[PDB]
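Reading through the structure tokens given below for one structure.
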2 protein chains.
Amino acid sequence: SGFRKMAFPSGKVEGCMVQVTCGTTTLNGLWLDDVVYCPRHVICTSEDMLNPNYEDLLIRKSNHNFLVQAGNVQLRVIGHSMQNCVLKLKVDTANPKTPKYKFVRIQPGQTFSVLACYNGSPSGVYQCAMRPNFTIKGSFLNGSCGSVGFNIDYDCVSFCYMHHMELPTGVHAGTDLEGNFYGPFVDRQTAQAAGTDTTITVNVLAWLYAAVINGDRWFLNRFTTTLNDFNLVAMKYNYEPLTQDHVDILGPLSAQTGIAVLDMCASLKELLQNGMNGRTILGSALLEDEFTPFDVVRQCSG
Amino acid sequence: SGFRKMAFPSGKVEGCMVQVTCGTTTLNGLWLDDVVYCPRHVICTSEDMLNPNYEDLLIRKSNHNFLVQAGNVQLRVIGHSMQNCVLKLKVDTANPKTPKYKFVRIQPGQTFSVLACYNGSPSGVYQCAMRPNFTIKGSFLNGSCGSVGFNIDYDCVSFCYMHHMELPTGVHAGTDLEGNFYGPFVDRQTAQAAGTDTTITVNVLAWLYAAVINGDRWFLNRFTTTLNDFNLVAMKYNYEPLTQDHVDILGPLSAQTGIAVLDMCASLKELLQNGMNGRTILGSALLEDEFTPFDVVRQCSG
Ligand SMILES: O=C(Cn1nnc2ccccc21)N(Cc1ccsc1)c1ccc(-c2cn[nH]c2)cc1
Ligand SMILES: O=C(Cn1nnc2ccccc21)N(Cc1ccsc1)c1ccc(-c2cn[nH]c2)cc1
């Protein structure tokens with residue numbers, strides 16, 4: 001037993017990280033088959049980033065201006081192209097360490113592992129959720145651009161996130177691996193509104209089930225509620241409205257604990273209206289919304 | 001910026017995990033050079049674990065009774081021996097993926113990454129601290145025995161922990177890689193007292209510095225304190241006494257933020273005596289003691 005924020009083992013992704021240098025700037029790239037993916041603002045100077053014309057900036061660059069290093073091995077760039085906000089550098093060698101992989105665009109409320117990297121070298125790994133407002137709350141310093149987020153299904157790495165920017169509020173924004181930003185952000189140094197965030201209700205419920213599985217049961221009570229009544233409470237406390245799709249996803253956890261989803265919603269309602277009264281749940285004095293129902297079942301099944 | 005509980009990249013350890021089977025039981029082993037390390041209770045049956053005589057149990061076993069599999073590749077066991085609570089299986093092939101490594105015995109209050117494994121296959125990675133009472137609060141299911149904890153220094157993996165047991169309280173106990181348990185525990189199914197735990201004061205202070213570096217400053221106040229006055233408060237709230245050795249370790253964080261350690265102790269004192277008053281620090285409504293001063297500087301330096 002026990003329940004912790006657990007990242008996927010990062011080995012399959014470590015073998016893909018390279019450093020990408022274009023004149024001045026160095027960041028991280030992702031080497032899969034004979035293509036290296038990295039953020040396109042690698043072609044910018046610091047001044048360029050206020051109103052960069054990426055098309056013109058890229059026209060000034062040839063294959064030989066992109067220096068790509070995988071540890072010590074030097075890659076020979078034989079093609080370059082821009083897709084949305086990513087650069088794709090064709091190299092003449094397929095990465096011998098390429099895992100089975102897919103590119104996926106994840107939904108808000110889903111989680112993934114981030115392998116934070118600097119100069120192409122892995123630094124650490126941690127779990128993140130895509131916030132309802134399409135930001136993530138990560139740990140990224142200067143030089144971390146091009147670090148990627150991923151999930152692993154059996155042997156297949158599904159890459160979902162590439163890191164591009166820190167907003168002045170301190171939260172992080174990035175793209176899928178086709179270079180499309182999550183949310184309304186653009187790769188320009190302007191102030192950008194991250195919209196209203198909300199708490200991921202179905203994840204808080206999955207986490208309450210995780211807590212019951214691991215012995216924390218004090219929040220279980222005598223009450224029940226209805227989808228509509230609960231959604232009134234969710235609205236007041238800025239939680240995502242709960243839907244029948246959410247109820248269905250929580251079915252296995254309902255089945256394994258024998259606690260009906262709506263009875264668990266009644267517990268969450270009480271916690272929202274009265275707080276925790278100084279107690280803790282799975283080591284936290286806040287309601288945790290960064291575990292998906294799948295995250296709970298995976299960690300509670302092995 | 002941002003600050004998260006960050007594990008080391010697990011790739012160098014993934015290449016070392018094997019499964020070890022001895023008659024009935026299967027668990028994880030660690031393959032380094034031509035030796036595989038695993039918990040000795042792999043030689044037990046379920047009934048054996050109440051009062052196991054490991055010496056006699058091991059005498060019944062020959063090299064060929066230990067089946068060792070590294071993914072699909074079968075290892076040929078050419079020797080076996082017991083060192084304290086670990087088995088060392090000599091195999092005829094050096095692990096080609098052996099990283100540079102050391103075996104270390106860590107001190108309480110130090111942190112490390114755990115690569116949780118089942119049947120020799122990696123499941124996830126997360127940070128743990130060795131509690132003052134030599135337990136760890138992990139996430140381990142049946143079959144996770146032999147999973148290891150480690151730190152990585154540049155290219156060198158320092159292995160510090162091998163997982164052996166879950167206590168009836170739900171916390172976890174294990175050995176160093178010489179097979180010596182941390183704390184008073186033994187590899188028998190008896191009830192065992194984990195002594196009084198305490199909060200790791202120097203880690204809470206390092207985490208408060210991490211918070212200031214990343215914008216959370218509301219707990220900073222007008223007050224100061226002394227080592228002795230603060231230690232009166234630590235005693236009342238079951239915190240480790242603070243020493244000058246701790247003050248010195250916090251020197252770089254003091255220097256980078258310009259907040260004297262004793263002024264930060266004055267903030268911690270106020271938090272302990274009054275609580276947080278519903279506010280949060282780095283996303284937490286509790287005082288966090290699982291980041292060492294080195295963990296803060298590493299994550300805040302790259
Ligand atoms: O946000 C960044 C880069 N970034 N990402 N995570 C960070 C954590 C700490 C500090 C900086 C961090 N920006 C701003 C921008 C606006 C639109 S996209 C990115 C950034 C700043 C400078 C460059 C640059 C490229 N060449 N020279 C400088 C790139 C991105
Ligand atoms: O605690 C364990 C094994 N273990 N470790 N983490 C666990 C998380 C969930 C469930 C079990 C877990 N024990 C008890 C014991 C007491 C002294 S050392 C270990 C355990 C139980 C059974 C065996 C066994 C060996 N052969 N057959 C059964 C081994 C350890």
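None of the figures in this text is laboratory data; all of them are computed from the coordinates on show. Note: ideal-geometry Cβ built from the backbone for every residue, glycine included; neighbour counts use all protein chains shown.
Here is a check on your reading of the model: is B:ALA285 more than 30 Å from A:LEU167 (Cα to Cα) and either touching a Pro at 6+ places or on another chain (Cβ under 9 Å) or within 14 Å of another protein chain (Cβ to nearest Cβ) (or both)? Here the answer is no, as B:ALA285 does not meet what is asked.
Selection of the stretch B:171-198 for residues being away from ligand 2 (no atom under 16 Å from the Cβ) and touching a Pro at 6+ places or on another chain (Cβ under 8 Å) yields B:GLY195, B:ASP197, B:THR198. In summary, A:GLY2 fulfils each of the numbered conditions (1) over 30 Å from B:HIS163 (Cα atoms); (2) within 14 Å of chain B (Cβ to nearest Cβ); (3) not polar (S, T, N, Q) with the single exception of condition (1). Of the candidates A:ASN119, A:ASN142, the single residue that is free of Cβ contacts under 8 Å to residues at least 12 places away in the same chain, within 14 Å of chain B (Cβ to nearest Cβ) and closer than 24 Å to A:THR21 by Cα is A:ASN142. The single condition among (1) within 14 Å of chain B (Cβ to nearest Cβ); (2) of a type outside the set (A, V, I, L, M); (3) crowded, with 17+ Cβ neighbours inside 10 Å that A:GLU240 does not satisfy is (1). Report, by residue number, each residue of the stretch A:5-54 that is within 14 Å of another protein chain (Cβ to nearest Cβ) and basic (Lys, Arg). A:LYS5, A:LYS12 - these are the residues of the stretch A:5-54 that are within 14 Å of another protein chain (Cβ to nearest Cβ) and basic (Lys, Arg).
Quick check: is even one residue across the stretch A:127-137 among the aliphatic types (A, V, I, L, M), part of a strand (DSSP E or B) and within 27 Å of B:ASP216 (Cα to Cα)? Yes, the conditions are met somewhere in the stretch A:127-137.
Matching residues to (1) within 26 Å of B:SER46 (Cβ to Cβ); (2) away from ligand 2 (no atom under 16 Å from the Cβ):
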site	(1), (2)
B:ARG105	no, yes
B:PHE112	no, yes
B:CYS117	yes, no
B:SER121	yes, yes
B:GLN127	no, yes
B:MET130	no, yes
B:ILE136	yes, no
B:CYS145	yes, no
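Scan the stretch B:150-170 for residues that are within 14 Å of another protein chain (Cβ to nearest Cβ), more than 9 Å from ligand 2 (Cβ to nearest atom) and within 12 Å of the chain's Cα centre (by Cα) and the total you get is 2.
Every residue, every condition in (1) loosely packed, with under 15 Cβ neighbours inside 10 Å; (2) within 10 Å of ligand 2 (Cβ to nearest atom); (3) over 14 Å from B:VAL86 (Cβ atoms), yes or no:
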| residue | (1), (2), (3) |
| --- | --- |
| B:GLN19 | no, no, yes |
| B:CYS22 | no, yes, no |
| B:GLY29 | no, no, no |
| B:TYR37 | no, no, no |
| B:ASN53 | yes, no, yes |
| B:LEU58 | no, no, no |
| B:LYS61 | no, no, yes |
| B:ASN65 | yes, no, yes |
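Residue count for the stretch A:203-217 under the criterion of being within 22 Å of the chain's Cα centre (by Cα) and β-branched (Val, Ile, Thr): the result is 1.
For the stretch B:67-82, the set of residues classified as more than 15 Å from B:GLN19 (Cβ to Cβ) and surrounded by 14 or more Cβ atoms within 10 Å (Cβ to Cβ) consists of B:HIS80, B:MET82, listed by residue number. Counting only strands (runs of 3 or more DSSP E) wholly contained in the stretch B:1-91, the ones carrying 3 or more residues that are more than 20 Å from the chain's Cα centre (by Cα) occupy B:17-22, B:66-70, B:73-75, B:77-83, B:86-91.
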